[PDB]
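Student: I have a structure here, written as structure tokens, and I will follow up with some questions on it.
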Amino acid sequence: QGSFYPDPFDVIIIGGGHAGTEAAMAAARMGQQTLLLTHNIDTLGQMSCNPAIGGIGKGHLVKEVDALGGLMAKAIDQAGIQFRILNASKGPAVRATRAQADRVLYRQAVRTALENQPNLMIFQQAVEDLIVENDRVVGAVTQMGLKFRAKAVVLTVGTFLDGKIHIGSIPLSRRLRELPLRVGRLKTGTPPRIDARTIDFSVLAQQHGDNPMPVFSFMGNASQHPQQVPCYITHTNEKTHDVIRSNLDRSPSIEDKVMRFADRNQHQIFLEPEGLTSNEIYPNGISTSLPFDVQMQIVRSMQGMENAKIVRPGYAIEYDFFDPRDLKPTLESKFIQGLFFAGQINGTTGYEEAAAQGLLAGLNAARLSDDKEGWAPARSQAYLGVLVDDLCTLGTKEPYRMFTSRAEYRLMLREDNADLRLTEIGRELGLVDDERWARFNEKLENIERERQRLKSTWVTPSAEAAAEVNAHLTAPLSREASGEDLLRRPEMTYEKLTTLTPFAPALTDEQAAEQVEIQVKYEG
Amino acid sequence: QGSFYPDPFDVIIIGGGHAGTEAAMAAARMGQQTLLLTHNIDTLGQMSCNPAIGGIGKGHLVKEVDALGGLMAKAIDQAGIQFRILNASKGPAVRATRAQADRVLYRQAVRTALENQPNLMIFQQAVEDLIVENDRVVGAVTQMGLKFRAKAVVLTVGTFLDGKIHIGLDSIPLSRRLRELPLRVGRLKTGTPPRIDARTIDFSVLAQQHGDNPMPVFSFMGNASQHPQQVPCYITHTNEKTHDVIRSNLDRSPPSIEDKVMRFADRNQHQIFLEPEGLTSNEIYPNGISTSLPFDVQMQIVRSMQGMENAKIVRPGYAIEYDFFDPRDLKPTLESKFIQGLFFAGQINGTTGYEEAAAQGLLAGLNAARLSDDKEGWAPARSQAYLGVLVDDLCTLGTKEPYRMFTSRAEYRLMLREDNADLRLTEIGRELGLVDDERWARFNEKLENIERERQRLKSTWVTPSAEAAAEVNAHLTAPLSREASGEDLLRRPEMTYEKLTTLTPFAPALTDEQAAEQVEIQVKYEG
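Sequences listed follow chains B and A, in order. With the authors' numbering applied, the first sequence covers -3 to -1, 2 to 166, 180 to 262, 278 to 550. With the authors' numbering applied, the second sequence covers -3 to -1, 2 to 168, 180 to 263, 278 to 550.
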């Protein structure tokens, strides 16, 4: 004990981040001795912004993170309340699941799992600085003094201020800024968080989860889900704006989103419930550095909340962060062998990218430790890929704006097939459990077997129940057609096509249906 | 809007303490327009010592806080993973209830409860400073910049810090202004053990201590069911090597176990209690080995102990020093004697039990509110309630009475029991504004319920023959010479109300389960 925890570690994860969690979680499951040092087991799982996981891109990420072994899917499987599916009527590729989260519930699940994970050991401590020998890392020194020996270390930097709070010193810093690493500003903000009791919920418009409910992870089902709920929708107006502009001489915002526009348009606002057990309401998109009175003026002027009382004021922070252009696309910093950077440090914000980077950066470092080799997944393997790339190259995630268009080109990069795409690279890599592995096969055998059995089976306009088929189609059977051939046909859906007597039975595997269908209506 | 949130309040509670809570909860439920400022909503319910509520005297203090209508009692019920009645055979003066909290649960419960309560606006900032006009408070100013006017403020502190934490040897004008008045300051210095991962522990060899069946309930309105699942607690001890380690290591930094030793022998083993940190947590609170001794020391201390040979430490033990003003500059109402309408409750006064702050807050909130609507602080009779005692002492003496003492004094005080705080207090509650219909209601039902039942325990005797002078005289020791009434036969230390009403002269058992048990006590300890 050179003052030196007696035990040595394969991977150190510095920070109880989304990234951190996913990192820690993986390196563990891969088989490594991994230790996670968060300065607050209690904020473990905290959600910095709105209480929501997924949507366009994000969801893709999560679906991916999931197949790869990860957590954040389950997590939000257990703690969402409302499970829309964006772009539902727009054909795979740009279809995206998007859940709301009972913070407490989520938080609980990140932890219970983090805490319950063979090979991961948790330890409450600030990290003082790293210990770097030959421009390799070999552990760090926690601020209490203690020092831990490891072979790779994933800097993270999660849930931990500083950054400056705007509503109107650690050797580990100094060290990095001493190397080449180039350092950016990053301007994340926040709504005044609002009081359910003071909000009039009648004169406002509901929005409800999909039926049946969407599960998020491949492995889960909607039983796992908790109680579900509305989110009420209020809107904006001239008044709102006068205020803003009237107060603009006082510094993603609304003090942004409203200088570049013009009230002829009413910005639509979302009251998202921070959870099954709290009168706190997140007014989605009215984040602000605008001073308190303004915030109120604003919260106050819209419909439903003429008498709203604010519970916690809005405010914006300024982060610094280390431009990731100096990362390898395994994440491993280019300067300090074995030290990777996932998370908000690289300058992204969203929980899902974070989670995803973390999955890698762990996985990678977790390998380095077993003297093996970085995966680096291909910009066409998965969005985890399109991200990391975009990040190391232009160092900045691809605007979501783009996602939609851009997605035509990508097109196999789809929520519905992450498991396919990634889950054996998973298994092979080390990240997938005997019992996910053995289902993902079932979801294969069940697809191959019953997709060849959908061309293997035709209907002549001549055999018995030819006339029963001819009811559903466009211009009844003129050729010995196979079910596949007619599934492709715009009116018909796999569910009905199993109904008709030559193409029964249906398929039990609710998913391998789903996939078979998605595949067939989009393969040519 | 000046610089000044629009609406004024009657009463502002500064700092979402225990004391902090309990005050806000009072003033509000007296219909006062009550502002609860706090730097972090997600901490309401924080138990910073071990995850337990009450026990001897602490118990007492809770059940009073209950009768008076505050939260703690209800909370711990809502979140209790273990219930025991200490001194169960020792007679009512000194029976106490204590319970193990699921840290989260509790925290939930206390939040949800302040969140959902008529007249209380919670609003999350830290406080810069008081606003003072002519030695009267009149408002707080938040960090932010926001100012609130109130008519009375309760200063509280808790939930927060600072501290200089020591683990082995290792600015807000409100602090300044305070000190510029003649306030006698003290340091006071709580610590904490090192919190231990439940997996690294061999529970198979330790013995374990369960709750009471049937299951105690803390508040007077609680029902048994209401309680979470119930786990056991685990018991390992310390021993020679352990100590040998503490001693040899003492030359590092300055309740604690390195103190429980510097003060004894040491075969001389000390029962150490492995307390579940939650129902959904893997951390164990090793209750009794707190420290400021350095990490390895701590590790060695843990690992020396049976069961923990392999244990690994999730959170490291340590100790904090708190500044804290001497409560002798408070009127017996906790109104401060230097700035009026300023009230000091809980730890800012130097107490550091929870219960003890829970009680202080209640009354601070009370007399704060009262002042809001110009009344006169209640200042509770030392003979009325331990609440009474406690507060007296922080003004007489500047300090809480010791628990060491509690069992002797015990029987000078004596009407002051747990089993009867409602009886003692709820009533004074009603008139003070502290009690709720839901309760008032029950209380009086119990109240007549017992009356009615005492009467009829004289309105009923056995003449040594006739009817079932048979059935009866077998249960006793020495059969009745002549007349003896129900109540006479019960004072007899061999006969339990429950068995007394399984007799055809004296049945049928009163159904008001509470009243029933109080009837018993009242009778067996009347004098």
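Ideal Cβ placement from N, Cα and C applies to all residues, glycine included.
#1: So, does the CB of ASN333 of chain A fall closer than 7 Å to a CB anywhere in chain B?
#2: Tell me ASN310 of chain B's beta-bridge partners as DSSP assigns them.
#3: Which runs of the alpha helix (DSSP H) spanning at least 4 residues fall entirely within the segment 45 to 97 of chain B, listed in chain order?
#4: Going by C-alpha distance, which of A:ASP460, A:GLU441 and A:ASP260 is nearest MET28 of chain A?
#5: Name the residue from A:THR209, A:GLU113 and A:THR525 whose alpha carbon lies nearest to the alpha carbon of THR41 of chain A.
#6: Put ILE544 of chain B into one of helix, strand or coil per three-state DSSP.
#7: So what's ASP289 of chain A in DSSP terms, helix, strand or just coil?
#8: Using 7 Å as the threshold, is the C-beta distance between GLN98 of chain B and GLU300 of chain B below it?
#9: What separation, rounded to the nearest whole angstrom, lies between the Cα atoms of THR500 of chain A and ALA342 of chain A?
#10: According to DSSP, is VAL325 of chain B part of a helix, a strand, or is it coil?
#11: Could you check whether the segment 360 to 373 of chain A touches the segment 212 to 221 of chain A, counting it as contact only if at least three pairs of C-beta atoms, one from each stretch, sit closer than 8 Å?
#12: Compare the beta carbon distance of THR36 of chain B and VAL108 of chain B with 7 Å and say whether it is the shorter of the two.
#13: Please return the same chain residues whose Cβ sits closer than 6 Å to the Cβ of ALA381 of chain A, not counting the five positions on each side in sequence.
#14: Taking CB distances under 7 Å as the criterion, tell me whether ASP319 of chain A reaches chain B.
#15: Can you confirm whether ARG338 of chain B, when its beta carbon is compared against all beta carbons of chain A, has any partner nearer than 7 Å?
#16: In chain order, what residues of the same chain have a beta carbon less than 6 Å from the beta carbon of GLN294 of chain B, not counting five sequence neighbours either side?
#17: If we ignore side chains and look at the alpha-carbon of each, how far apart do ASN472 of chain B and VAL320 of chain A end up?
#18: Taking CB distances under 7 Å as the criterion, tell me whether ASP168 of chain A reaches chain B.
#19: How long is the line joining the alpha carbons of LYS56 of chain A and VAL458 of chain B, rounded to whole angstroms?
#20: Our contact map puts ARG188 of chain B next to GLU441 of chain B with C-beta atoms below 8 Å; I'd like the distance itself, whole angstroms only.
#21: Starting from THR110 of chain B, find everything on chain A with Cβ-Cβ shorter than 9 Å and list it in chain order.
#22: In chain A, which residues lie with their C-beta within 9 Å of the C-beta of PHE212 of chain B?
#23: Are the Cβ atoms of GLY421 of chain B and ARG351 of chain B separated by less than 7 Å?
#24: So, does the CB of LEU439 of chain A fall closer than 7 Å to a CB anywhere in chain B?
#25: Please name the residue in A:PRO6, A:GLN363, A:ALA124 and A:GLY143 whose C-alpha comes closest to that of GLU131 of chain A.
#26: Tell me the DSSP bridge mates of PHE7 of chain B?
#27: Between A:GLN292, A:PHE146, A:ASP253 and A:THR303, which lies nearest to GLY311 of chain A when the distance is taken from Cα to Cα?
#28: Identify whether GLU358 of chain A lies in helix, strand or coil by the three-state DSSP scheme.
#29: Mind checking if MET142 of chain B is an interface residue toward chain A, Cβ cutoff 7 Å exclusive?
#30: Is the shortest distance between the beta-carbon of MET119 of chain A and the beta-carbons of chain B less than 7 Å?
#31: Could you give the first and the last residue of the continuous beta strand (DSSP E) run that contains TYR243 of chain A?
#32: Among A:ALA493, A:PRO516 and A:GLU540, which one has its Cα closest to the Cα of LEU526 of chain A?
#33: Could you tell me which chain A residues have their CB closer than 9 Å to the CB of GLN122 of chain B, listed as they occur along the chain?
#34: Using DSSP's beta-bridge definition, name the partner residues of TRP484 of chain B.
#35: For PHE429 of chain B, report the span of its alpha helix (DSSP H) as first-last.
#36: When you compare the CB positions of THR483 of chain B and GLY509 of chain B, do they come within less than 7 Å of one another, or not?
Tutor: Straight from the coordinates:
#1: By one-based count along the second sequence, residue 333 of chain A stands at place 310. No, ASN333 of chain A lies away from the interface with chain B (no Cβ there is under 7 Å from its Cβ).
#2: For the purposes of this step, residue 310 of chain B is identified with residue 284 of the first sequence, where counting begins at 1. Bridge partners of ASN310 of chain B: B:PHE296.
#3: The segment 45 to 97 of chain B contains these whole alpha helix (DSSP H) runs: 56 to 65 and 70 to 75.
#4: As a first step, residue 28 of chain A must be located in the second sequence, where it is residue number 30. Taking only the C-alpha atoms, the option nearest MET28 of chain A is A:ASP460.
#5: One-based indexing of the second sequence puts residue 41 of chain A at position 43. Of the listed residues, the one whose Cα sits closest to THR41 of chain A is A:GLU113.
#6: Position 518 of the first sequence, counted from the start, is the residue given in the question as residue 544 of chain B. If DSSP states are grouped into helix, strand and coil, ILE544 of chain B belongs with the helices.
#7: Within the second sequence, residue 289 of chain A is the residue found at index 266, counting from 1. Here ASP289 of chain A sits in coil by DSSP.
#8: On the first sequence, position 100 is the one that residue 98 of chain B refers to. On the first sequence, position 274 is the one that residue 300 of chain B refers to. Result no, Cβ atoms of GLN98 of chain B and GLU300 of chain B do not sit closer than 7 Å.
#9: Position 477 of the second sequence holds residue 500 of chain A. Position 319 of the second sequence holds residue 342 of chain A. Approximately 57 Å between the Cα atoms of the pair.
#10: Residue mapping note: residue 325 of chain B aligns to position 299 of the first sequence, counting from 1. Looking at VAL325 of chain B - three-state DSSP - the assignment turns out to be helix.
#11: With the cut-off at 8 Å, the segment 360 to 373 of chain A and the segment 212 to 221 of chain A do not touch.
#12: Residue numbering aside, residue 36 of chain B sits at position 38 when the first sequence is read from its first letter. Residue numbering aside, residue 108 of chain B sits at position 110 when the first sequence is read from its first letter. Cβ distance not < 7 Å, so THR36 of chain B and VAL108 of chain B don't count as in contact.
#13: As a position in the second sequence, residue 381 of chain A is number 358, starting the count at 1. Listed in chain order, the non-local C-beta contacts of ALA381 of chain A below 6 Å within the same chain comprise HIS16, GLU20, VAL63 and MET70, local neighbours out to five positions each way being set aside.
#14: By one-based count along the second sequence, residue 319 of chain A stands at place 296. With respect to chain B, the C-beta atom of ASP319 of chain A has a partner C-beta closer than 7 Å.
#15: As a working note, residue 338 of chain B is residue 312 in the first sequence. Closer than 7 Å: yes.
#16: Indexing the first sequence from 1 puts residue 294 of chain B at position 268. Closer than 6 Å at the Cβ level, and outside the excluded window around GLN294 of chain B, lie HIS246.
#17: For the purposes of this step, residue 472 of chain B is identified with residue 446 of the first sequence, where counting begins at 1. For the purposes of this step, residue 320 of chain A is identified with residue 297 of the second sequence, where counting begins at 1. Between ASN472 of chain B and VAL320 of chain A, the C-alpha separation is close to 59 Å.
#18: Position 170 of the second sequence, counted from the start, is the residue given in the question as residue 168 of chain A. Interface flag for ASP168 of chain A against chain B is set, since a Cβ pair is found closer than 7 Å.
#19: Walking along the second sequence from the start, residue 56 of chain A turns up at place 58. Walking along the first sequence from the start, residue 458 of chain B turns up at place 432. Straight-line Cα distance between these residues: approximately 51 Å.
#20: Locating residue 188 of chain B in the first sequence gives position 177, where the first residue counts as 1. Locating residue 441 of chain B in the first sequence gives position 415, where the first residue counts as 1. With 8 Å as the limit, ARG188 of chain B and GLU441 of chain B do not qualify as a contact, their Cβ atoms being about 39 Å apart.
#21: Here residue 110 of chain B refers to the residue found at position 112 when the first sequence is read from its first residue. Per Cβ cutoff of 9 Å: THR303, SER304 and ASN305.
#22: Residue numbering aside, residue 212 of chain B sits at position 201 when the first sequence is read from its first letter. The premise fails here: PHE212 of chain B is roughly 16 Å from chain A at the closest Cβ pair, so nothing lies under 9 Å.
#23: Here residue 421 of chain B corresponds to residue number 395 of the first sequence, with the count starting at 1. Here residue 351 of chain B corresponds to residue number 325 of the first sequence, with the count starting at 1. Against a cut-off of 7 Å, the Cβ pair of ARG351 of chain B and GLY421 of chain B comes out as a contact.
#24: Here residue 439 of chain A is taken as the residue at index 416 of the second sequence, counted from 1. No, its Cβ sits nowhere closer than 7 Å to a Cβ of chain B.
#25: Within the second sequence, residue 131 of chain A is the residue found at index 133, counting from 1. With distances taken between CA atoms, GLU131 of chain A lies nearest to A:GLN363 out of A:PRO6, A:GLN363, A:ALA124 and A:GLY143.
#26: Along the first sequence, one-based indexing puts residue 7 of chain B at 9. Beta-bridge pairing links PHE7 of chain B to B:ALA148.
#27: By one-based count along the second sequence, residue 311 of chain A stands at place 288. Ranking A:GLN292, A:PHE146, A:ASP253 and A:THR303 by Cα distance to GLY311 of chain A puts A:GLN292 first.
#28: Locating residue 358 of chain A in the second sequence gives position 335, where the first residue counts as 1. Three-state result, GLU358 of chain A: strand.
#29: Within the first sequence, numbered from 1, the residue matching residue 142 of chain B stands at position 144. Closer than 7 Å to some Cβ of chain A, the Cβ of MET142 of chain B qualifies, so yes.
#30: Residue 119 of chain A sits at position 121 when you count from the first residue of the second sequence. For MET119 of chain A, the answer is yes, since a Cβ of chain B falls inside 7 Å of its Cβ.
#31: Here the question's residue 243 of chain A lines up with position 234 in the second sequence. Per DSSP, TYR243 of chain A belongs to the beta strand (DSSP E) from 242 to 245.
#32: Sequence index remark: in the second sequence, residue 526 of chain A carries index 503 (1-based). Residue A:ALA493 is the option with its Cα nearest to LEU526 of chain A.
#33: Counting from one through the first sequence, the residue named residue 122 of chain B turns up at place 124. Taking a Cβ-Cβ threshold of 9 Å, the residues of chain A close to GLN122 of chain B are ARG204, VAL337, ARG338 and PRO339, in chain order.
#34: To locate residue 484 of chain B, count along the first sequence from 1; it is residue 458. DSSP output for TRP484 of chain B lists B:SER508 as bridge partner(s).
#35: The count along the first sequence starts at 1 and reaches residue 429 of chain B at position 403. That run of the alpha helix (DSSP H) goes 426 to 429.
#36: Within the first sequence, the letter at position 457 stands for residue 483 of chain B. Within the first sequence, the letter at position 483 stands for residue 509 of chain B. Cβ distance < 7 Å, so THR483 of chain B and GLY509 of chain B count as in contact.
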